[PDB]
file coords.cif (mmCIF, N, CA, C and O atoms)
data_my_file
#
loop_
_atom_site.label_atom_id
_atom_site.label_comp_id
_atom_site.auth_asym_id
_atom_site.auth_seq_id
_atom_site.Cartn_x
_atom_site.Cartn_y
_atom_site.Cartn_z
N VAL O 124 15.12 18.90 -43.66
CA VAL O 124 14.35 17.80 -44.19
C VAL O 124 13.70 17.04 -43.04
O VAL O 124 14.32 16.83 -41.99
N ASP O 125 12.44 16.68 -43.21
CA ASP O 125 11.67 16.07 -42.15
C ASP O 125 11.52 14.56 -42.35
O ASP O 125 11.63 14.04 -43.46
N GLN O 126 11.28 13.88 -41.24
CA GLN O 126 11.17 12.44 -41.15
C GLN O 126 9.86 12.10 -40.46
O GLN O 126 9.40 12.86 -39.61
N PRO O 127 9.22 10.98 -40.82
CA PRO O 127 7.85 10.76 -40.36
C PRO O 127 7.80 10.37 -38.90
O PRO O 127 8.75 9.79 -38.35
N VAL O 128 6.68 10.68 -38.26
CA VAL O 128 6.50 10.48 -36.83
C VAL O 128 5.48 9.39 -36.60
O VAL O 128 4.62 9.14 -37.45
N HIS O 129 5.60 8.71 -35.47
CA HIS O 129 4.60 7.77 -34.99
C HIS O 129 4.24 8.15 -33.56
O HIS O 129 5.10 8.55 -32.78
N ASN O 130 2.96 8.01 -33.22
CA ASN O 130 2.47 8.37 -31.91
C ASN O 130 1.84 7.15 -31.25
O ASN O 130 1.16 6.36 -31.91
N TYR O 131 2.08 7.00 -29.95
CA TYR O 131 1.48 5.93 -29.16
C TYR O 131 0.73 6.54 -27.98
O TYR O 131 1.34 7.23 -27.15
N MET O 132 -0.57 6.28 -27.91
CA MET O 132 -1.41 6.84 -26.86
C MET O 132 -2.04 5.70 -26.06
O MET O 132 -2.35 4.64 -26.61
N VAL O 133 -2.21 5.93 -24.76
CA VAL O 133 -2.81 4.96 -23.86
C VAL O 133 -3.88 5.66 -23.04
O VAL O 133 -3.60 6.67 -22.38
N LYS O 134 -5.10 5.13 -23.07
CA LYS O 134 -6.21 5.63 -22.27
C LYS O 134 -6.72 4.53 -21.36
O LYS O 134 -6.64 3.34 -21.69
N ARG O 135 -7.25 4.93 -20.21
CA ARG O 135 -7.65 3.99 -19.16
C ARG O 135 -9.14 4.11 -18.88
O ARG O 135 -9.80 5.06 -19.29
N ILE O 136 -9.67 3.11 -18.16
CA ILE O 136 -11.09 3.08 -17.86
C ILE O 136 -11.39 3.97 -16.66
O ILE O 136 -10.50 4.38 -15.92
N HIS O 137 -12.67 4.29 -16.49
CA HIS O 137 -13.16 5.03 -15.33
C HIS O 137 -14.40 4.33 -14.82
O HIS O 137 -15.37 4.18 -15.56
N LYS O 138 -14.38 3.92 -13.55
CA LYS O 138 -15.44 3.09 -13.00
C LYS O 138 -16.51 3.92 -12.31
O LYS O 138 -16.21 4.75 -11.45
N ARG O 139 -17.76 3.70 -12.71
CA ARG O 139 -18.90 4.30 -12.05
C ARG O 139 -19.87 3.19 -11.66
O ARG O 139 -19.56 2.00 -11.78
N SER O 140 -21.05 3.58 -11.20
CA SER O 140 -22.06 2.62 -10.78
C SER O 140 -23.44 3.25 -10.88
O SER O 140 -23.57 4.47 -11.02
N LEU O 141 -24.46 2.40 -10.84
CA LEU O 141 -25.85 2.83 -10.76
C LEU O 141 -26.56 2.01 -9.69
O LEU O 141 -26.46 0.78 -9.67
N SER O 142 -27.29 2.70 -8.81
CA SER O 142 -27.94 2.06 -7.68
C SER O 142 -29.36 2.58 -7.52
O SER O 142 -29.60 3.78 -7.61
N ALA O 143 -30.29 1.66 -7.28
CA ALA O 143 -31.70 1.99 -7.11
C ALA O 143 -32.27 1.15 -5.98
O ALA O 143 -31.92 -0.02 -5.80
N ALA O 144 -33.17 1.76 -5.20
CA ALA O 144 -33.70 1.13 -4.01
C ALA O 144 -35.09 0.57 -4.26
O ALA O 144 -35.73 0.86 -5.27
N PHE O 145 -35.56 -0.24 -3.31
CA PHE O 145 -36.78 -1.02 -3.46
C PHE O 145 -37.18 -1.52 -2.08
O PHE O 145 -36.43 -2.27 -1.47
N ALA O 146 -38.35 -1.11 -1.60
CA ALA O 146 -38.76 -1.38 -0.23
C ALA O 146 -39.87 -2.42 -0.19
O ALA O 146 -40.73 -2.46 -1.07
N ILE O 147 -39.83 -3.27 0.83
CA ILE O 147 -40.88 -4.25 1.11
C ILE O 147 -41.30 -4.09 2.56
O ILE O 147 -40.46 -4.09 3.46
N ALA O 148 -42.61 -3.95 2.78
CA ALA O 148 -43.14 -3.77 4.12
C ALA O 148 -42.99 -5.04 4.95
O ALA O 148 -42.86 -6.14 4.41
N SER O 149 -43.01 -4.87 6.28
CA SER O 149 -42.82 -6.00 7.18
C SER O 149 -43.98 -6.98 7.11
O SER O 149 -43.77 -8.20 7.22
N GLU O 150 -45.20 -6.48 6.94
CA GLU O 150 -46.35 -7.37 6.83
C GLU O 150 -46.31 -8.19 5.55
O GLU O 150 -46.81 -9.32 5.54
N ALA O 151 -45.71 -7.66 4.48
CA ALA O 151 -45.55 -8.46 3.27
C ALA O 151 -44.61 -9.63 3.51
O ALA O 151 -44.86 -10.75 3.05
N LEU O 152 -43.52 -9.39 4.25
CA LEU O 152 -42.60 -10.48 4.59
C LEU O 152 -43.26 -11.49 5.52
O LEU O 152 -43.01 -12.69 5.40
N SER O 153 -44.10 -11.02 6.44
CA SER O 153 -44.84 -11.93 7.31
C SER O 153 -45.83 -12.78 6.51
O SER O 153 -46.00 -13.97 6.79
N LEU O 154 -46.48 -12.18 5.52
CA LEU O 154 -47.42 -12.92 4.69
C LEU O 154 -46.72 -13.90 3.76
O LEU O 154 -47.29 -14.93 3.40
N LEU O 155 -45.49 -13.59 3.36
CA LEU O 155 -44.78 -14.46 2.44
C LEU O 155 -43.79 -15.39 3.13
O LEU O 155 -43.10 -16.16 2.44
N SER O 156 -43.69 -15.35 4.46
CA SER O 156 -42.85 -16.27 5.21
C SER O 156 -43.66 -17.15 6.16
O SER O 156 -43.16 -17.55 7.21
N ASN O 157 -44.91 -17.44 5.81
CA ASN O 157 -45.73 -18.30 6.65
C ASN O 157 -45.25 -19.75 6.61
O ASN O 157 -45.25 -20.44 7.63
N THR O 158 -44.83 -20.21 5.42
CA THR O 158 -44.38 -21.59 5.16
C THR O 158 -45.47 -22.60 5.52
O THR O 158 -45.32 -23.40 6.45
N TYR O 159 -46.58 -22.53 4.78
CA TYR O 159 -47.65 -23.53 4.78
C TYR O 159 -48.33 -23.65 6.15
O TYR O 159 -48.58 -24.74 6.65
N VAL O 160 -48.63 -22.50 6.75
CA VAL O 160 -49.48 -22.47 7.94
C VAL O 160 -50.83 -21.81 7.70
O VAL O 160 -51.85 -22.33 8.17
N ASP O 161 -50.90 -20.70 6.96
CA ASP O 161 -52.16 -20.05 6.65
C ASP O 161 -52.67 -20.56 5.30
O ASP O 161 -52.13 -21.52 4.74
N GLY O 162 -53.71 -19.91 4.79
CA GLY O 162 -54.39 -20.41 3.61
C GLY O 162 -55.90 -20.26 3.69
O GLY O 162 -56.64 -20.84 2.90
N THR O 163 -56.36 -19.47 4.66
CA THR O 163 -57.77 -19.14 4.76
C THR O 163 -58.17 -18.15 3.67
O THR O 163 -57.35 -17.73 2.84
N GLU O 164 -59.44 -17.77 3.66
CA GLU O 164 -59.98 -16.97 2.58
C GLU O 164 -59.51 -15.52 2.59
O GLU O 164 -59.29 -14.95 1.52
N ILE O 165 -59.34 -14.91 3.77
CA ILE O 165 -59.03 -13.49 3.84
C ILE O 165 -57.53 -13.28 3.75
O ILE O 165 -57.06 -12.21 3.35
N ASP O 166 -56.74 -14.31 4.07
CA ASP O 166 -55.29 -14.19 3.97
C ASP O 166 -54.81 -14.26 2.53
O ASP O 166 -53.79 -13.66 2.19
N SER O 167 -55.53 -15.01 1.68
CA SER O 167 -55.13 -15.13 0.28
C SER O 167 -55.22 -13.79 -0.44
O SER O 167 -54.35 -13.47 -1.26
N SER O 168 -56.25 -13.00 -0.14
CA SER O 168 -56.39 -11.69 -0.77
C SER O 168 -55.25 -10.75 -0.38
O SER O 168 -54.71 -10.04 -1.23
N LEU O 169 -54.87 -10.76 0.90
CA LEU O 169 -53.75 -9.93 1.34
C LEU O 169 -52.43 -10.40 0.73
O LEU O 169 -51.58 -9.58 0.36
N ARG O 170 -52.25 -11.72 0.62
CA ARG O 170 -51.03 -12.25 0.02
C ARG O 170 -50.93 -11.89 -1.46
O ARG O 170 -49.85 -11.53 -1.95
N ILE O 171 -52.05 -11.95 -2.18
CA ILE O 171 -52.07 -11.57 -3.59
C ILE O 171 -51.84 -10.07 -3.75
O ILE O 171 -51.15 -9.63 -4.67
N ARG O 172 -52.39 -9.27 -2.83
CA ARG O 172 -52.13 -7.83 -2.86
C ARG O 172 -50.66 -7.52 -2.62
O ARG O 172 -50.08 -6.65 -3.28
N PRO B 26 -0.68 -20.81 -4.92
CA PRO B 26 -0.67 -21.96 -5.86
C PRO B 26 -1.40 -21.79 -7.19
O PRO B 26 -0.88 -22.20 -8.23
N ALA B 27 -2.60 -21.22 -7.15
CA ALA B 27 -3.50 -20.98 -8.29
C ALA B 27 -3.90 -22.26 -9.00
O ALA B 27 -4.29 -22.19 -10.17
N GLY B 28 -3.83 -23.41 -8.34
CA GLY B 28 -4.26 -24.68 -8.91
C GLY B 28 -3.45 -25.16 -10.10
O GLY B 28 -4.01 -25.73 -11.04
N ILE B 29 -2.14 -24.94 -10.06
CA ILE B 29 -1.27 -25.38 -11.14
C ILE B 29 -0.77 -26.78 -10.80
O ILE B 29 -0.76 -27.20 -9.64
N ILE B 30 -0.42 -27.53 -11.84
CA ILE B 30 0.08 -28.89 -11.63
C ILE B 30 1.48 -28.81 -11.03
O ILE B 30 2.33 -28.06 -11.55
N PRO B 31 1.76 -29.51 -9.93
CA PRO B 31 3.12 -29.54 -9.39
C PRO B 31 4.10 -30.17 -10.36
O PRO B 31 3.77 -31.13 -11.07
N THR B 32 5.31 -29.63 -10.39
CA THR B 32 6.35 -30.09 -11.29
C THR B 32 7.22 -31.18 -10.68
O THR B 32 7.46 -32.21 -11.31
N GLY B 33 7.69 -30.98 -9.45
CA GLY B 33 8.54 -31.95 -8.80
C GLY B 33 8.05 -32.36 -7.43
O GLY B 33 7.51 -31.54 -6.69
N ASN B 34 8.23 -33.63 -7.09
CA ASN B 34 7.83 -34.13 -5.79
C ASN B 34 8.91 -33.80 -4.76
O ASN B 34 10.07 -34.15 -4.94
N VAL B 35 8.51 -33.13 -3.68
CA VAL B 35 9.44 -32.70 -2.65
C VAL B 35 9.54 -33.79 -1.59
O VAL B 35 8.52 -34.23 -1.05
N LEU B 36 10.76 -34.23 -1.31
CA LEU B 36 11.00 -35.25 -0.30
C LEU B 36 11.30 -34.58 1.03
O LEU B 36 11.43 -33.35 1.12
N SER B 37 11.40 -35.40 2.08
CA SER B 37 11.84 -35.00 3.43
C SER B 37 10.94 -33.90 4.01
O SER B 37 11.35 -32.75 4.19
N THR B 38 9.70 -34.27 4.29
CA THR B 38 8.75 -33.35 4.90
C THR B 38 9.16 -33.12 6.35
O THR B 38 8.91 -33.96 7.22
N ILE B 39 9.81 -31.99 6.62
CA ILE B 39 10.28 -31.62 7.94
C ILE B 39 9.69 -30.27 8.32
O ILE B 39 8.99 -29.63 7.53
N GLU B 40 9.97 -29.84 9.55
CA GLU B 40 9.42 -28.61 10.10
C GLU B 40 10.05 -27.42 9.40
O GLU B 40 11.14 -26.97 9.79
N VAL B 41 9.37 -26.88 8.40
CA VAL B 41 9.92 -25.77 7.63
C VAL B 41 9.77 -24.43 8.33
O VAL B 41 10.30 -23.42 7.84
N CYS B 42 9.04 -24.37 9.44
CA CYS B 42 8.88 -23.11 10.16
C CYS B 42 10.16 -22.73 10.90
O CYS B 42 10.42 -21.54 11.11
N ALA B 43 10.97 -23.72 11.28
CA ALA B 43 12.24 -23.43 11.95
C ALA B 43 13.24 -22.79 10.99
O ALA B 43 13.92 -21.82 11.34
N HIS B 44 13.34 -23.33 9.78
CA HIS B 44 14.21 -22.76 8.75
C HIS B 44 13.44 -21.71 7.95
O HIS B 44 13.21 -21.84 6.75
N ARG B 45 13.04 -20.66 8.65
CA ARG B 45 12.25 -19.59 8.07
C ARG B 45 13.12 -18.48 7.48
O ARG B 45 12.68 -17.79 6.55
N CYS B 46 14.37 -18.37 7.92
CA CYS B 46 15.28 -17.33 7.45
C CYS B 46 15.94 -17.66 6.12
O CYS B 46 16.97 -17.08 5.78
N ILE B 47 15.36 -18.59 5.36
CA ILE B 47 15.68 -18.84 3.97
C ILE B 47 14.46 -18.36 3.18
O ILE B 47 13.55 -17.76 3.75
N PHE B 48 14.48 -18.55 1.87
CA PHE B 48 13.41 -18.26 0.90
C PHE B 48 13.30 -16.73 0.81
O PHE B 48 14.22 -16.02 1.24
N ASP B 49 12.21 -16.19 0.28
CA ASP B 49 12.00 -14.75 0.26
C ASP B 49 10.71 -14.39 0.96
O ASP B 49 10.63 -13.37 1.66
N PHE B 50 9.68 -15.21 0.80
CA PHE B 50 8.36 -14.89 1.33
C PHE B 50 7.73 -16.17 1.84
O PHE B 50 7.54 -17.11 1.06
N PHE B 51 7.42 -16.21 3.13
CA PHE B 51 6.95 -17.41 3.80
C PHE B 51 5.64 -17.06 4.50
O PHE B 51 5.64 -16.32 5.49
N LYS B 52 4.53 -17.60 4.00
CA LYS B 52 3.23 -17.44 4.63
C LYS B 52 2.74 -18.81 5.08
O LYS B 52 2.67 -19.74 4.27
N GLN B 53 2.40 -18.92 6.36
CA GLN B 53 1.94 -20.18 6.95
C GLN B 53 0.49 -20.02 7.39
O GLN B 53 0.16 -19.08 8.13
N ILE B 54 -0.37 -20.93 6.94
CA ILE B 54 -1.78 -20.93 7.29
C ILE B 54 -2.09 -22.17 8.11
O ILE B 54 -1.51 -23.24 7.90
N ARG B 55 -2.96 -22.00 9.11
CA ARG B 55 -3.30 -23.09 10.02
C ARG B 55 -4.02 -24.24 9.33
O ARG B 55 -3.47 -25.34 9.20
N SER B 56 -5.25 -24.00 8.87
CA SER B 56 -5.99 -24.99 8.10
C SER B 56 -6.40 -24.45 6.74
O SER B 56 -6.13 -25.08 5.72
N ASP B 57 -7.07 -23.30 6.72
CA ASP B 57 -7.41 -22.61 5.49
C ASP B 57 -7.51 -21.13 5.80
O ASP B 57 -7.69 -20.73 6.95
N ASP B 58 -7.39 -20.31 4.76
CA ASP B 58 -7.40 -18.87 4.94
C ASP B 58 -8.09 -18.27 3.73
O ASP B 58 -8.02 -18.81 2.62
N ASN B 59 -8.74 -17.13 3.94
CA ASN B 59 -9.50 -16.49 2.88
C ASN B 59 -8.63 -15.72 1.89
O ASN B 59 -9.15 -15.25 0.88
N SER B 60 -7.34 -15.60 2.15
CA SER B 60 -6.43 -14.90 1.25
C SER B 60 -5.92 -15.80 0.13
O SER B 60 -5.17 -15.32 -0.73
N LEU B 61 -6.31 -17.07 0.11
CA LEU B 61 -5.95 -17.97 -0.98
C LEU B 61 -6.88 -17.83 -2.18
O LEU B 61 -6.59 -18.41 -3.23
N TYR B 62 -7.97 -17.08 -2.05
CA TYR B 62 -8.97 -16.97 -3.11
C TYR B 62 -9.03 -15.51 -3.53
O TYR B 62 -9.87 -14.75 -3.05
N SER B 63 -8.14 -15.12 -4.43
CA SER B 63 -8.10 -13.77 -4.97
C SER B 63 -8.01 -13.84 -6.49
O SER B 63 -7.31 -14.70 -7.05
N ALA B 64 -8.71 -12.93 -7.16
CA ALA B 64 -8.77 -12.97 -8.61
C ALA B 64 -8.66 -11.61 -9.29
O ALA B 64 -9.31 -11.41 -10.31
N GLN B 65 -7.89 -10.68 -8.75
CA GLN B 65 -7.69 -9.40 -9.42
C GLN B 65 -6.86 -9.58 -10.68
O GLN B 65 -5.92 -10.37 -10.70
N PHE B 66 -7.21 -8.84 -11.73
CA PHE B 66 -6.44 -8.85 -12.96
C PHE B 66 -6.64 -7.53 -13.70
O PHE B 66 -7.60 -6.80 -13.45
N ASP B 67 -5.73 -7.25 -14.61
CA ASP B 67 -5.84 -6.12 -15.53
C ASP B 67 -6.17 -6.65 -16.91
O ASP B 67 -5.76 -7.75 -17.27
N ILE B 68 -6.90 -5.87 -17.69
CA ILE B 68 -7.33 -6.31 -19.01
C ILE B 68 -7.02 -5.21 -20.02
O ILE B 68 -7.05 -4.02 -19.70
N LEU B 69 -6.64 -5.62 -21.22
CA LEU B 69 -6.38 -4.71 -22.33
C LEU B 69 -7.58 -4.79 -23.26
O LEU B 69 -7.93 -5.88 -23.73
N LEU B 70 -8.20 -3.64 -23.53
CA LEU B 70 -9.49 -3.60 -24.20
C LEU B 70 -9.38 -3.24 -25.68
O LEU B 70 -10.27 -2.58 -26.22
N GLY B 71 -8.32 -3.67 -26.35
CA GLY B 71 -8.16 -3.48 -27.77
C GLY B 71 -7.21 -2.35 -28.10
O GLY B 71 -7.12 -1.34 -27.39
N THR B 72 -6.48 -2.51 -29.20
CA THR B 72 -5.59 -1.49 -29.72
C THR B 72 -6.10 -1.01 -31.07
O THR B 72 -6.61 -1.81 -31.87
N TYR B 73 -5.95 0.28 -31.34
CA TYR B 73 -6.43 0.88 -32.58
C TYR B 73 -5.27 1.54 -33.31
O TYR B 73 -4.48 2.26 -32.69
N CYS B 74 -5.17 1.28 -34.61
CA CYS B 74 -4.15 1.89 -35.45
C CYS B 74 -4.82 2.40 -36.72
O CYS B 74 -5.72 1.76 -37.26
#

call {"tool": "encode", "arguments": {"input": "coords.cif", "output": "structure tokens"}}
result
Amino acid sequence: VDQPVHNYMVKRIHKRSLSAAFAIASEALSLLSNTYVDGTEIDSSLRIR
Amino acid sequence: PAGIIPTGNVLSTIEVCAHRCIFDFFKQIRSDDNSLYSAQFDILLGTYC
């Protein structure tokens, strides 16, 4: 004669990641780190670009 | 400490570094240390029946 069973299971997490790169040219940093020194006509076009 | 409210006021502030061969675990910090700020924990993500 049989008797009923109970089961207990435990599962755990597994850690992964996702990484993506993004480059900024040195002249872009120079154009965006002026801190209120430039502002002529030809510099604005390069800054907007 | 973990920022818990102290329960009892300790009297007789003496040099506890000399009586170091009591207690179980004695860590002495000069002014501050980066090992006081730790927040690792385990989490249970639900049980299913």

call {"tool": "interface_residues", "arguments": {"input": "coords.cif", "of": "chain O", "to": "chain B", "cutoff": "12 Å", "atoms": "only C-alpha atoms", "output": "PyMOL selection string"}}
result
chain O and resi 129-136

call {"tool": "atom_distance", "arguments": {"input": "coords.cif", "atom1": "atom O of residue O:148", "atom2": "atom N of residue O:166"}}
result
16.1 Å

call {"tool": "select_by_dssp", "arguments": {"input": "coords.cif", "residues": "chain O", "states": "alpha helix (DSSP H)", "output": "list in words"}}
result
residues 149, 150, 151, 152, 153, 154, 155, 164, 165, 166, 167, 168, 169, 170 and 171 of chain O

call {"tool": "atom_distance", "arguments": {"input": "coords.cif", "atom1": "atom N of residue B:32", "atom2": "atom O of residue B:67"}}
result
25.5 Å

call {"tool": "atom_distance", "arguments": {"input": "coords.cif", "atom1": "atom CA of residue B:45", "atom2": "atom CA of residue B:26"}}
result
19.1 Å

call {"tool": "closest_residue", "arguments": {"input": "coords.cif", "among": "B:41, B:35, B:27, B:47", "to": "residue B:64", "atoms": "only C-alpha atoms"}}
result
B:27

call {"tool": "residues_around", "arguments": {"input": "coords.cif", "residues": "stretch 151-162 of chain O", "least_positions_apart": "5", "cutoff": "10 Å", "atoms": "only C-alpha atoms", "output": "ChimeraX atom specification"}}
result
/O:167-172
